[PDB]
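Some notes on the structure that comes next.
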Amino acid sequence: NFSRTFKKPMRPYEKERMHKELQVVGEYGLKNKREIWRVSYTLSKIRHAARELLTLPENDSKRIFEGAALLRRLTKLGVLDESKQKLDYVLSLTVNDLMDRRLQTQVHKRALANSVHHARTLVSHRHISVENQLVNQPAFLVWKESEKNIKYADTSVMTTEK
Amino acid sequence: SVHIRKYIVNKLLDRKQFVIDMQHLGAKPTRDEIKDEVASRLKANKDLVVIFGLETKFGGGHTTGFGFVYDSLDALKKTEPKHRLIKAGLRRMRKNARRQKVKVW
Amino acid sequence: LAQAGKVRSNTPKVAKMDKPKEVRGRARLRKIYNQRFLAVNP
Amino acid sequence: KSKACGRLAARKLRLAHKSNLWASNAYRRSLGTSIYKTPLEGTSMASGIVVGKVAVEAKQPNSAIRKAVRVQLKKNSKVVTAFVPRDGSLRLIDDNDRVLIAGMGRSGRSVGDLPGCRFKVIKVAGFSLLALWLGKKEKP
RNA sequence: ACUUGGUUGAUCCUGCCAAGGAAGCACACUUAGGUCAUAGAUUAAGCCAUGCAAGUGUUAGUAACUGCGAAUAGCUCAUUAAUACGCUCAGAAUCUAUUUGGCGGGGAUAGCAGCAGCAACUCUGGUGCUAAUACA
RNA sequence: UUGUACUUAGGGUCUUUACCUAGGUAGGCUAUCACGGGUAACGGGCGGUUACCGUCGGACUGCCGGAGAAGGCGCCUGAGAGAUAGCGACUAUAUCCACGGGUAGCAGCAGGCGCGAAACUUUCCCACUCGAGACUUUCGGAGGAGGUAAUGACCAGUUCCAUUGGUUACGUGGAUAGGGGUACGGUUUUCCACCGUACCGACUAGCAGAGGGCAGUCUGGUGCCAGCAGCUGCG
């Protein structure tokens with residue numbers, strides 16, 4: 001049916017947590033403080049799954065199928081290098097790693113937008129595409145394979161209309 | 001640009017049936033235009049083609065849709081639903097007025 | 001009981017200073033970020 | 001130690017647990033029911049007709065008269081005192097109107113300085129006091 | 001896998017009371033756009049105007065009769081503290097339209113035609129005929 | 001606990017049985033909670049909360065099984081009913097009457113009265129999913145679609161990139177939208193709204209607070225009064 005994608009924080013008015021969360025928003029150019037908390041909650045389901053796998057035996061039928069399948073999905077997303085592709089390194093990873101894979105930031109690295117904020121504007125105004133396919137959505141998550149294929153959609157950038 | 005894809009010869013309603021996958025750049029294909037392009041490809045005539053339910057994607061120049069082609073006029077007279085025939089080119093009265101035939105003998 | 005809501009009526013009621021409207025959404029948070037973390041900062 | 005630990009001893013543990021819940025006041029309050037004989041009747045919000053206007057005063061050390069209306073309820077036909085928040089506001093309420101009452105927000109008990117009453121008036125005449133106090137809605 | 005304010009001149013405790021996080025009903029203030037889901041259960045299983053919800057014709061039974069359907073679907077939770085529900089078995093103690101496979105072996109009414117009766121109804125009386133994969 | 005528990009024989013049932021009627025014994029259940037009372041009790045798949053263990057809720061739960069059609073009770077037809085948009089009577093509400101007599105069961109879909117803190121349209125539709133049937137055709141308030149609602153879930157905008165002067169945010173410089181408008185092509189049974197394509201373009205933020213738990217010792221009014229305040233407290 002449905003699910004709760006972000007969770008609210010435990011204690012509202014902690015100084016260290018609020019002062020941390022501004023300079024994740026500032027660096028990655030972000031709307032609210034909730035658009036962090038979903039990516040925290042996305043990091044939870046990765047790590048809660050990973051830890052349970054770790055508890056199991058080193059030979060069990062569940063670990064062999066799941067462990068290979070889990071690392072395959074993260075090598076797509078481009079968080080784990082082939083140096084670090086060994087299951088314990090899933091229990092690492094930060095929101096700073098997982099934020100970096102989004103479309104906003106991959107435009108910026110590309111530099112087409114010219115700014116973190118500018119990248120958001122380019123995607124929100126239908127300028128950017130991913131292999132001949134328009135992406136309005138500013139949180140895509142690009143799979144490294146397709147990271148190369150980030151380019152101008154057509155409109156003002158290509159069409160040149162006012 | 002007309003891709004024919006996932007294609008099977010259903011002989012029970014004698015019709016060769018498929019889905020079309022046309023990609024257009026710049027965003028401008030007319031249904032009539034589509035019949036022109038498909039009929040040359042399957043030596044068909046325009047009347048013997050039915051194309052229905054075709055869907056542009058989010059944003060990009062793209063469109064894909066169902067369609068199928070049959071020998072003769074004998075298929076679409078009898079096998080087709082009526083809502084495609086009136087569209088292409090071929091009211092509670094019963095509930096009220098009807099149940100008076102029980103009320104009156 | 002004879003006197004109720006006395007304080008509120010008897011205030012010298014003040015004209016609000018009308019102001020330029022704030023930039024909403026991302027700009028508010030961006031305007032905080034560079035006011036706060038860019039300078040002068042710990 | 002201080003309880004039965006043995007393998008077959010699950011009847012002793014389960015049955016002794018049922019007894020010790022009746023010491024806990026929250027289980028006791030829920031179960032007794034025990035809540036029905038209440039003006040609220042266990043409902044967060046209730047409405048009905050104002051009888052009049054009353055001055056009830058605070059305990060100590062806080063010297064202040066609070067102004068709580070007497071209100072008959074709709075469903076029970078009981079009567080109960082009910083606080084009116086914000087300054088003015090007793091003047092806004094009018095005599096013999098319908099009002100919506102709700103709880104003091106203390107999950108029962110008596111709240112601040114003010115003893116006795118456990119109830120505050122949320123609306124009058126289908127409008128709400130905050131709107132009235134602020135004056136972005138009207139009464140005739 | 002988290003703490004903090006409140007008994008004292010101050011202390012360390014027991015100890016609750018508050019704060020704090022979630023949802024689920026209801027009240028409130030405020031509101032560009034999109035997809036999707038739900039919405040008279042809580043109290044009155046209280047009461048209901050009007051309209052409509054179960055009918056059914058094939059090249060092949062003859063408006064009716066005849067055949068099947070209407071015991072499902074839909075709504076609600078008032079009964080019910082285990083007899084219901086669930087989960088294991090069991091019929092060697094049973095019934096079963098329809099499908100499916102085996103084995104078998106002439107006369108009398110309905111519409112139609114006519115004469116009447118009620119303030120009223122999707123009630124009918126009485127006579128004059130004729131149907132069958134109905135009835136014998 | 002008195003058909004209450006066994007036994008032998010019968011009746012009855014689709015069959016088995018105290019299901020019921022006979023004769024013969026006097027048994028059964030109970031501190032491993034019988035029996036009785038209460039439930040703001042339909043049961044289950046499950047839902048909310050959580051580190052684990054648990055714990056609360058389960059009308060609905062997009063399903064499963066049970067029960068009920070205003071309240072009991074009885075019965076015909078049928079493979080199947082103790083049917084209720086079938087019949088029968090009584091009772092309680094309601095209504096008609098030409099005063100003789102009758103008529104009706106929305107806990108089906110809309111809609112209203114009442115109840116209350118509390119819950120939508122008296123629209124369009126058989127095309128989808130399927131169901132009934134003599135059946136590719138008929139019919140379906142099952143079902144499907146719009147319409148109203150901050151109830152719930154996800155997504156998401158309120159701008160951007162330059163550089164002049166005041167201490168890097170407080171007349172310029174240009175850009176780029178969708179909100180919206182108008183066509184046409186898709187879309188669906190039909191609208192709406194969506195998804196495209198082209199042309200018009202220099203109105204979009206509150207709510208809650210600022211002793212401590214958990215951002216001012218600003219200026220003005222008030223003077224244990226008005227008032228705030230979950231708690232401690234403030235005046």
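We label chains A, B, ... in the order they appear in the structure tokens, count residues from 1 in each chain, and number ligands from 1 in the order shown.
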Find the residues around residue C:40 up to 10 Å (only C-alpha atoms (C1' of nucleotides) counted), leave out those fewer than 5 positions away in its own chain, and share them as number ranges by chain.
C: 34-35; F: 168
For residue D:14, please output as a PyMOL selection string all residues within 12 Å (counting only C-alpha atoms (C1' of nucleotides); exclusion window: fewer than 6 positions along the same chain).
chain D and resi 3-4+8+20-21
Kindly export the residues of the current selection with N, CA and C atoms, as a short mmCIF file (atom, residue, chain, number, x, y, z; two decimals), in the first residue's frame.
```cif
data_model
loop_
_atom_site.label_atom_id
_atom_site.label_comp_id
_atom_site.auth_asym_id
_atom_site.auth_seq_id
_atom_site.Cartn_x
_atom_site.Cartn_y
_atom_site.Cartn_z
N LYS D 3 11.56 -15.39 42.84
CA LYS D 3 10.52 -15.81 41.89
C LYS D 3 10.78 -17.24 41.42
N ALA D 4 9.75 -17.87 40.86
CA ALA D 4 9.87 -19.24 40.34
C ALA D 4 10.58 -19.21 38.99
N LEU D 8 8.77 -26.00 34.38
CA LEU D 8 7.32 -26.24 34.32
C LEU D 8 6.49 -25.14 35.00
N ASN D 20 -0.24 -8.49 39.83
CA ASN D 20 0.61 -7.30 40.03
C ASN D 20 0.27 -6.12 39.12
N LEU D 21 -0.46 -6.37 38.03
CA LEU D 21 -1.01 -5.30 37.20
C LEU D 21 -2.04 -4.43 37.92
#
```
List the spatial neighbours of residue C:24 as a ChimeraX atom specification - criterion: any atom at most 10 Å away, only C-alpha atoms (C1' of nucleotides), same-chain residues fewer than 4 positions off excluded.
/C:28-29 /F:157-159,204-205
Please build the interface table for chain C against chain F with a cut-off of 8 Å, listing for each qualifying residue the nearest atom pair and the distance in Å to one decimal; count only C-alpha atoms (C1' of nucleotides), order rows by chain and increasing number, and write it as a Markdown table.
```
| residue | atom | partner | partner_atom | distance |
| --- | --- | --- | --- | --- |
| C:3 | CA | F:226 | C1' | 7.4 |
| C:4 | CA | F:226 | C1' | 6.1 |
| C:5 | CA | F:226 | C1' | 5.9 |
| C:6 | CA | F:226 | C1' | 5.8 |
| C:7 | CA | F:226 | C1' | 5.6 |
| C:11 | CA | F:221 | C1' | 5.6 |
| C:12 | CA | F:221 | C1' | 6.7 |
| C:23 | CA | F:158 | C1' | 7.8 |
| C:24 | CA | F:158 | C1' | 5.7 |
| C:25 | CA | F:158 | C1' | 6.6 |
| C:31 | CA | F:169 | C1' | 7.8 |
| C:34 | CA | F:168 | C1' | 7.6 |
| C:35 | CA | F:169 | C1' | 7.6 |
| C:38 | CA | F:168 | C1' | 7.9 |
| C:39 | CA | F:168 | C1' | 7.1 |
```
Those residues with C-alpha atoms, as a PDB file, in the first residue's frame please?
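That gives us again_2.pdb:
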```
ATOM      1  CA  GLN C   3     -12.440  44.903  35.052  1.00  0.00           C
ATOM      2  CA  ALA C   4     -11.633  42.433  32.296  1.00  0.00           C
ATOM      3  CA  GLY C   5      -9.503  42.730  29.185  1.00  0.00           C
ATOM      4  CA  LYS C   6      -8.502  46.128  30.482  1.00  0.00           C
ATOM      5  CA  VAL C   7      -4.828  45.865  29.551  1.00  0.00           C
ATOM      6  CA  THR C  11      -2.532  49.787  25.024  1.00  0.00           C
ATOM      7  CA  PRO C  12      -1.353  52.499  22.606  1.00  0.00           C
ATOM      8  CA  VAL C  23      12.771  35.203  -0.556  1.00  0.00           C
ATOM      9  CA  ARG C  24      11.077  31.875   0.170  1.00  0.00           C
ATOM     10  CA  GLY C  25      12.216  28.246   0.084  1.00  0.00           C
ATOM     11  CA  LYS C  31      20.714  33.177   2.986  1.00  0.00           C
ATOM     12  CA  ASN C  34      26.292  32.117   3.940  1.00  0.00           C
ATOM     13  CA  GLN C  35      25.336  34.494   6.790  1.00  0.00           C
ATOM     14  CA  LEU C  38      30.729  31.225   5.388  1.00  0.00           C
ATOM     15  CA  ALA C  39      31.663  34.048   7.794  1.00  0.00           C
TER      16      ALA C  39
END
```
Residue D:62 environment, 10 Å, only C-alpha atoms (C1' of nucleotides), sequence neighbours closer than 5 positions dropped, as a ChimeraX atom specification
/D:57,113-114 /F:224,234-235
Can those selected residues be exported to a file as a PDB file, in the first residue's frame so that it contains C-alpha atoms (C1' of nucleotides)?
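Once written, selection.pdb looks like this:
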```pdb
ATOM      1  CA  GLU D  57      -9.968  32.723  41.793  1.00  0.00           C
ATOM      2  CA  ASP D 113      -3.211  27.972  39.698  1.00  0.00           C
ATOM      3  CA  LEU D 114      -6.848  27.244  38.954  1.00  0.00           C
TER       4      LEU D 114
ATOM      5  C1'   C F 224      -0.198  39.986  42.858  1.00  0.00           C
ATOM      6  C1'   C F 234       6.185  35.035  36.245  1.00  0.00           C
ATOM      7  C1'   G F 235       2.870  40.151  37.409  1.00  0.00           C
TER       8        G F 235
END
```
Between chain A and chain F, at 8 Å or less, what are the per-residue closest atom pairs and their distances in Å? Count only C-alpha atoms (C1' of nucleotides), order by chain and rising residue number, and return it as CSV.
```
residue,atom,partner,partner_atom,distance
A:2,CA,F:153,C1',5.9
A:3,CA,F:153,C1',6.8
A:4,CA,F:153,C1',7.5
A:5,CA,F:154,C1',7.9
A:13,CA,F:214,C1',6.0
A:118,CA,F:160,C1',6.7
A:121,CA,F:160,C1',7.0
A:125,CA,F:177,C1',6.1
```
Skipping near chain neighbours, those fewer than 2 positions away, what residues fall within 10 Å of residue F:74 using only C-alpha atoms (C1' of nucleotides), listed as JSON, numbers by chain?
{"F": [82, 88, 89]}
